[PDB]
There are 2 protein chains.
Amino acid sequence: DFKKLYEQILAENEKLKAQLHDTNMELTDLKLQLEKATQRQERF
Amino acid sequence: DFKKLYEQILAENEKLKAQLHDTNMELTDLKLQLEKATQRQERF
């Protein structure tokens, strides 16, 4: 009856790991386009 | 013990909810300014 609570939140938690990574890949495309569009900030 | 079972995954699910939201807003920042032909951003 609690085995399912584990399954529900963990299924979502996995998805949250994947969707963040997906939104990070867009953000990484955008920092790449940044340093191509301009000089960009040189923190690293 | 199952009360912690919920809280362990759900606290991580919370963390994931927060950081994704930040990556969404800063992606919308990065996207907006980028194509506007930006120089620098603050993000965080």
# chains A, B, ... in the order shown; residues from 1 in each chain; ligands from 1
call {"tool": "closest_atom_pairs", "arguments": {"of": "chain B", "to": "chain A", "cutoff": "6 Å", "atoms": "only C-alpha atoms", "output": "Markdown table"}}
result
| residue | atom | partner | partner_atom | distance |
| --- | --- | --- | --- | --- |
| B:13 | CA | A:13 | CA | 5.4 |
| B:20 | CA | A:20 | CA | 5.3 |
| B:27 | CA | A:27 | CA | 5.3 |
| B:34 | CA | A:34 | CA | 5.9 |
| B:39 | CA | A:40 | CA | 5.5 |
| B:40 | CA | A:41 | CA | 5.6 |
call {"tool": "calpha_fit_rmsd", "arguments": {"fixed": "chain A", "moving": "chain B"}}
result
5.4 Å
call {"tool": "select_by_dssp", "arguments": {"residues": "chain B", "states": "alpha helix (DSSP H)", "output": "NGL selection string"}}
result
:B and (2-37)
call {"tool": "write_last_selection", "arguments": {"atoms": "C-alpha atoms", "output": "PDB file, in the first residue's frame"}}
result
ATOM      1  CA  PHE B   2       7.226   4.520   5.574  1.00  0.00           C
ATOM      2  CA  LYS B   3       6.560   8.220   6.581  1.00  0.00           C
ATOM      3  CA  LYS B   4      10.257   8.968   5.782  1.00  0.00           C
ATOM      4  CA  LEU B   5       9.976   6.863   2.522  1.00  0.00           C
ATOM      5  CA  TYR B   6       7.566   9.523   1.201  1.00  0.00           C
ATOM      6  CA  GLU B   7       9.645  12.469   2.514  1.00  0.00           C
ATOM      7  CA  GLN B   8      13.013  11.185   1.094  1.00  0.00           C
ATOM      8  CA  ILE B   9      11.976  10.966  -2.604  1.00  0.00           C
ATOM      9  CA  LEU B  10       9.500  13.957  -2.214  1.00  0.00           C
ATOM     10  CA  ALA B  11      12.252  16.246  -0.713  1.00  0.00           C
ATOM     11  CA  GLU B  12      14.441  15.381  -3.741  1.00  0.00           C
ATOM     12  CA  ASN B  13      11.311  15.895  -5.977  1.00  0.00           C
ATOM     13  CA  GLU B  14      10.973  19.360  -4.313  1.00  0.00           C
ATOM     14  CA  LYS B  15      14.644  20.213  -4.974  1.00  0.00           C
ATOM     15  CA  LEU B  16      14.166  19.089  -8.625  1.00  0.00           C
ATOM     16  CA  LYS B  17      10.989  21.242  -8.873  1.00  0.00           C
ATOM     17  CA  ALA B  18      12.897  24.364  -7.690  1.00  0.00           C
ATOM     18  CA  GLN B  19      16.099  24.036  -9.794  1.00  0.00           C
ATOM     19  CA  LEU B  20      14.068  23.152 -12.960  1.00  0.00           C
ATOM     20  CA  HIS B  21      11.960  26.333 -12.479  1.00  0.00           C
ATOM     21  CA  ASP B  22      15.199  28.376 -12.164  1.00  0.00           C
ATOM     22  CA  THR B  23      16.587  26.696 -15.341  1.00  0.00           C
ATOM     23  CA  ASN B  24      13.242  27.483 -17.142  1.00  0.00           C
ATOM     24  CA  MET B  25      13.280  31.232 -16.227  1.00  0.00           C
ATOM     25  CA  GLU B  26      17.064  31.576 -16.960  1.00  0.00           C
ATOM     26  CA  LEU B  27      16.558  29.660 -20.274  1.00  0.00           C
ATOM     27  CA  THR B  28      13.771  32.163 -21.142  1.00  0.00           C
ATOM     28  CA  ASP B  29      16.277  34.936 -20.132  1.00  0.00           C
ATOM     29  CA  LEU B  30      19.142  33.398 -22.214  1.00  0.00           C
ATOM     30  CA  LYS B  31      16.816  32.854 -25.236  1.00  0.00           C
ATOM     31  CA  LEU B  32      15.322  36.403 -25.135  1.00  0.00           C
ATOM     32  CA  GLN B  33      18.585  38.390 -24.843  1.00  0.00           C
ATOM     33  CA  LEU B  34      20.574  35.972 -27.140  1.00  0.00           C
ATOM     34  CA  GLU B  35      18.513  36.576 -30.293  1.00  0.00           C
ATOM     35  CA  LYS B  36      18.184  40.313 -29.280  1.00  0.00           C
ATOM     36  CA  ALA B  37      22.009  40.036 -29.835  1.00  0.00           C
TER      37      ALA B  37
END
call {"tool": "decode", "arguments": {"residues": "range 3-39 of chain A", "atoms": "N, CA, C and O atoms", "output": "PDB file, in the first residue's frame"}}
result
ATOM      1  N   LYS A   3       4.221   0.713  -1.194  1.00  0.00           N
ATOM      2  CA  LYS A   3       5.116   0.337  -2.306  1.00  0.00           C
ATOM      3  C   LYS A   3       4.851   1.241  -3.526  1.00  0.00           C
ATOM      4  O   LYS A   3       5.768   1.603  -4.271  1.00  0.00           O
ATOM      5  N   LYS A   4       3.572   1.649  -3.641  1.00  0.00           N
ATOM      6  CA  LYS A   4       3.072   2.467  -4.726  1.00  0.00           C
ATOM      7  C   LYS A   4       3.528   3.916  -4.547  1.00  0.00           C
ATOM      8  O   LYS A   4       3.854   4.547  -5.531  1.00  0.00           O
ATOM      9  N   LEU A   5       3.584   4.429  -3.273  1.00  0.00           N
ATOM     10  CA  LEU A   5       4.012   5.824  -3.007  1.00  0.00           C
ATOM     11  C   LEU A   5       5.454   5.985  -3.498  1.00  0.00           C
ATOM     12  O   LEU A   5       5.807   7.004  -4.103  1.00  0.00           O
ATOM     13  N   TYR A   6       6.276   4.924  -3.224  1.00  0.00           N
ATOM     14  CA  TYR A   6       7.658   4.827  -3.699  1.00  0.00           C
ATOM     15  C   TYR A   6       7.679   4.948  -5.235  1.00  0.00           C
ATOM     16  O   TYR A   6       8.369   5.803  -5.769  1.00  0.00           O
ATOM     17  N   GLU A   7       6.836   4.133  -5.901  1.00  0.00           N
ATOM     18  CA  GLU A   7       6.749   4.056  -7.374  1.00  0.00           C
ATOM     19  C   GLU A   7       6.288   5.380  -8.020  1.00  0.00           C
ATOM     20  O   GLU A   7       6.821   5.755  -9.060  1.00  0.00           O
ATOM     21  N   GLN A   8       5.305   6.076  -7.395  1.00  0.00           N
ATOM     22  CA  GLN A   8       4.698   7.305  -7.973  1.00  0.00           C
ATOM     23  C   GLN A   8       5.710   8.450  -7.984  1.00  0.00           C
ATOM     24  O   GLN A   8       6.001   9.024  -9.043  1.00  0.00           O
ATOM     25  N   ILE A   9       6.243   8.771  -6.784  1.00  0.00           N
ATOM     26  CA  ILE A   9       7.163   9.902  -6.606  1.00  0.00           C
ATOM     27  C   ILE A   9       8.504   9.641  -7.332  1.00  0.00           C
ATOM     28  O   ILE A   9       9.073  10.566  -7.896  1.00  0.00           O
ATOM     29  N   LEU A  10       8.995   8.377  -7.298  1.00  0.00           N
ATOM     30  CA  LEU A  10      10.285   7.977  -7.934  1.00  0.00           C
ATOM     31  C   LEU A  10      10.169   8.031  -9.469  1.00  0.00           C
ATOM     32  O   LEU A  10      11.123   8.436 -10.139  1.00  0.00           O
ATOM     33  N   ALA A  11       9.003   7.629 -10.016  1.00  0.00           N
ATOM     34  CA  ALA A  11       8.731   7.714 -11.468  1.00  0.00           C
ATOM     35  C   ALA A  11       8.784   9.180 -11.938  1.00  0.00           C
ATOM     36  O   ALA A  11       9.381   9.494 -12.978  1.00  0.00           O
ATOM     37  N   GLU A  12       8.163  10.059 -11.126  1.00  0.00           N
ATOM     38  CA  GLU A  12       8.160  11.512 -11.330  1.00  0.00           C
ATOM     39  C   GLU A  12       9.579  12.093 -11.148  1.00  0.00           C
ATOM     40  O   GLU A  12       9.992  12.952 -11.903  1.00  0.00           O
ATOM     41  N   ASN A  13      10.308  11.574 -10.141  1.00  0.00           N
ATOM     42  CA  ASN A  13      11.664  12.040  -9.737  1.00  0.00           C
ATOM     43  C   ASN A  13      12.690  11.767 -10.854  1.00  0.00           C
ATOM     44  O   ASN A  13      13.553  12.605 -11.141  1.00  0.00           O
ATOM     45  N   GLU A  14      12.560  10.573 -11.465  1.00  0.00           N
ATOM     46  CA  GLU A  14      13.322  10.159 -12.653  1.00  0.00           C
ATOM     47  C   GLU A  14      13.045  11.121 -13.812  1.00  0.00           C
ATOM     48  O   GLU A  14      13.975  11.613 -14.465  1.00  0.00           O
ATOM     49  N   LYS A  15      11.744  11.351 -14.059  1.00  0.00           N
ATOM     50  CA  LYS A  15      11.278  12.261 -15.099  1.00  0.00           C
ATOM     51  C   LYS A  15      11.836  13.679 -14.869  1.00  0.00           C
ATOM     52  O   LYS A  15      12.208  14.344 -15.822  1.00  0.00           O
ATOM     53  N   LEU A  16      11.901  14.103 -13.587  1.00  0.00           N
ATOM     54  CA  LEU A  16      12.378  15.443 -13.194  1.00  0.00           C
ATOM     55  C   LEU A  16      13.883  15.592 -13.445  1.00  0.00           C
ATOM     56  O   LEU A  16      14.368  16.681 -13.757  1.00  0.00           O
ATOM     57  N   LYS A  17      14.598  14.480 -13.327  1.00  0.00           N
ATOM     58  CA  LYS A  17      16.028  14.398 -13.625  1.00  0.00           C
ATOM     59  C   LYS A  17      16.240  14.573 -15.158  1.00  0.00           C
ATOM     60  O   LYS A  17      17.159  15.279 -15.606  1.00  0.00           O
ATOM     61  N   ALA A  18      15.332  13.969 -15.942  1.00  0.00           N
ATOM     62  CA  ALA A  18      15.404  13.957 -17.412  1.00  0.00           C
ATOM     63  C   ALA A  18      14.996  15.316 -18.007  1.00  0.00           C
ATOM     64  O   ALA A  18      15.673  15.827 -18.893  1.00  0.00           O
ATOM     65  N   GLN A  19      13.906  15.901 -17.484  1.00  0.00           N
ATOM     66  CA  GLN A  19      13.338  17.161 -17.996  1.00  0.00           C
ATOM     67  C   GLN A  19      14.255  18.339 -17.663  1.00  0.00           C
ATOM     68  O   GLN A  19      14.363  19.269 -18.460  1.00  0.00           O
ATOM     69  N   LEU A  20      14.902  18.295 -16.467  1.00  0.00           N
ATOM     70  CA  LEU A  20      15.869  19.327 -16.072  1.00  0.00           C
ATOM     71  C   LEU A  20      17.040  19.281 -17.045  1.00  0.00           C
ATOM     72  O   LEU A  20      17.461  20.313 -17.539  1.00  0.00           O
ATOM     73  N   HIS A  21      17.528  18.041 -17.327  1.00  0.00           N
ATOM     74  CA  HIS A  21      18.647  17.805 -18.242  1.00  0.00           C
ATOM     75  C   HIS A  21      18.312  18.331 -19.647  1.00  0.00           C
ATOM     76  O   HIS A  21      19.160  18.920 -20.297  1.00  0.00           O
ATOM     77  N   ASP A  22      17.050  18.142 -20.061  1.00  0.00           N
ATOM     78  CA  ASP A  22      16.538  18.580 -21.369  1.00  0.00           C
ATOM     79  C   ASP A  22      16.561  20.122 -21.466  1.00  0.00           C
ATOM     80  O   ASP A  22      17.064  20.686 -22.445  1.00  0.00           O
ATOM     81  N   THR A  23      16.087  20.772 -20.386  1.00  0.00           N
ATOM     82  CA  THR A  23      16.058  22.242 -20.247  1.00  0.00           C
ATOM     83  C   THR A  23      17.500  22.810 -20.102  1.00  0.00           C
ATOM     84  O   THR A  23      17.778  23.948 -20.502  1.00  0.00           O
ATOM     85  N   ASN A  24      18.411  21.975 -19.541  1.00  0.00           N
ATOM     86  CA  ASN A  24      19.846  22.300 -19.404  1.00  0.00           C
ATOM     87  C   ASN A  24      20.541  22.253 -20.770  1.00  0.00           C
ATOM     88  O   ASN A  24      21.396  23.087 -21.035  1.00  0.00           O
ATOM     89  N   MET A  25      20.172  21.271 -21.622  1.00  0.00           N
ATOM     90  CA  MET A  25      20.728  21.132 -22.981  1.00  0.00           C
ATOM     91  C   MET A  25      20.369  22.347 -23.851  1.00  0.00           C
ATOM     92  O   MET A  25      21.194  22.801 -24.652  1.00  0.00           O
ATOM     93  N   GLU A  26      19.129  22.854 -23.686  1.00  0.00           N
ATOM     94  CA  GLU A  26      18.686  24.095 -24.348  1.00  0.00           C
ATOM     95  C   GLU A  26      19.530  25.275 -23.836  1.00  0.00           C
ATOM     96  O   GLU A  26      20.055  26.050 -24.616  1.00  0.00           O
ATOM     97  N   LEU A  27      19.688  25.345 -22.499  1.00  0.00           N
ATOM     98  CA  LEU A  27      20.480  26.393 -21.813  1.00  0.00           C
ATOM     99  C   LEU A  27      21.975  26.356 -22.247  1.00  0.00           C
ATOM    100  O   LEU A  27      22.640  27.398 -22.306  1.00  0.00           O
ATOM    101  N   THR A  28      22.469  25.140 -22.574  1.00  0.00           N
ATOM    102  CA  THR A  28      23.853  24.913 -23.025  1.00  0.00           C
ATOM    103  C   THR A  28      24.001  25.305 -24.518  1.00  0.00           C
ATOM    104  O   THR A  28      25.048  25.821 -24.943  1.00  0.00           O
ATOM    105  N   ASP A  29      22.925  25.086 -25.296  1.00  0.00           N
ATOM    106  CA  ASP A  29      22.820  25.565 -26.687  1.00  0.00           C
ATOM    107  C   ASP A  29      22.841  27.105 -26.697  1.00  0.00           C
ATOM    108  O   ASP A  29      23.495  27.710 -27.536  1.00  0.00           O
ATOM    109  N   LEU A  30      22.157  27.705 -25.711  1.00  0.00           N
ATOM    110  CA  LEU A  30      21.999  29.162 -25.594  1.00  0.00           C
ATOM    111  C   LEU A  30      23.290  29.863 -25.132  1.00  0.00           C
ATOM    112  O   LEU A  30      23.554  30.988 -25.571  1.00  0.00           O
ATOM    113  N   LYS A  31      24.098  29.215 -24.247  1.00  0.00           N
ATOM    114  CA  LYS A  31      25.406  29.788 -23.821  1.00  0.00           C
ATOM    115  C   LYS A  31      26.445  29.650 -24.951  1.00  0.00           C
ATOM    116  O   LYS A  31      27.371  30.466 -25.049  1.00  0.00           O
ATOM    117  N   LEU A  32      26.268  28.608 -25.794  1.00  0.00           N
ATOM    118  CA  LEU A  32      27.100  28.388 -26.986  1.00  0.00           C
ATOM    119  C   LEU A  32      26.821  29.478 -28.036  1.00  0.00           C
ATOM    120  O   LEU A  32      27.747  30.140 -28.514  1.00  0.00           O
ATOM    121  N   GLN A  33      25.522  29.682 -28.360  1.00  0.00           N
ATOM    122  CA  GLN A  33      25.083  30.748 -29.277  1.00  0.00           C
ATOM    123  C   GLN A  33      25.511  32.122 -28.750  1.00  0.00           C
ATOM    124  O   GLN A  33      25.751  33.028 -29.537  1.00  0.00           O
ATOM    125  N   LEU A  34      25.555  32.255 -27.407  1.00  0.00           N
ATOM    126  CA  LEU A  34      25.919  33.502 -26.707  1.00  0.00           C
ATOM    127  C   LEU A  34      27.336  33.930 -27.108  1.00  0.00           C
ATOM    128  O   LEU A  34      27.532  34.991 -27.701  1.00  0.00           O
ATOM    129  N   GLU A  35      28.299  33.046 -26.819  1.00  0.00           N
ATOM    130  CA  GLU A  35      29.728  33.285 -27.088  1.00  0.00           C
ATOM    131  C   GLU A  35      30.033  33.331 -28.605  1.00  0.00           C
ATOM    132  O   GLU A  35      31.113  33.760 -29.004  1.00  0.00           O
ATOM    133  N   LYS A  36      29.083  32.871 -29.445  1.00  0.00           N
ATOM    134  CA  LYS A  36      29.157  33.051 -30.913  1.00  0.00           C
ATOM    135  C   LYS A  36      28.557  34.411 -31.366  1.00  0.00           C
ATOM    136  O   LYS A  36      29.076  35.050 -32.289  1.00  0.00           O
ATOM    137  N   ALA A  37      27.476  34.846 -30.692  1.00  0.00           N
ATOM    138  CA  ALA A  37      26.750  36.103 -31.015  1.00  0.00           C
ATOM    139  C   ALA A  37      27.575  37.327 -30.596  1.00  0.00           C
ATOM    140  O   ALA A  37      27.479  38.396 -31.202  1.00  0.00           O
ATOM    141  N   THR A  38      28.383  37.133 -29.547  1.00  0.00           N
ATOM    142  CA  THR A  38      29.142  38.195 -28.885  1.00  0.00           C
ATOM    143  C   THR A  38      30.408  37.592 -28.250  1.00  0.00           C
ATOM    144  O   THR A  38      30.717  36.421 -28.469  1.00  0.00           O
ATOM    145  N   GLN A  39      31.125  38.397 -27.458  1.00  0.00           N
ATOM    146  CA  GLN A  39      32.318  37.954 -26.717  1.00  0.00           C
ATOM    147  C   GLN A  39      31.910  37.085 -25.510  1.00  0.00           C
ATOM    148  O   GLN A  39      32.655  36.172 -25.123  1.00  0.00           O
TER     149      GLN A  39
END
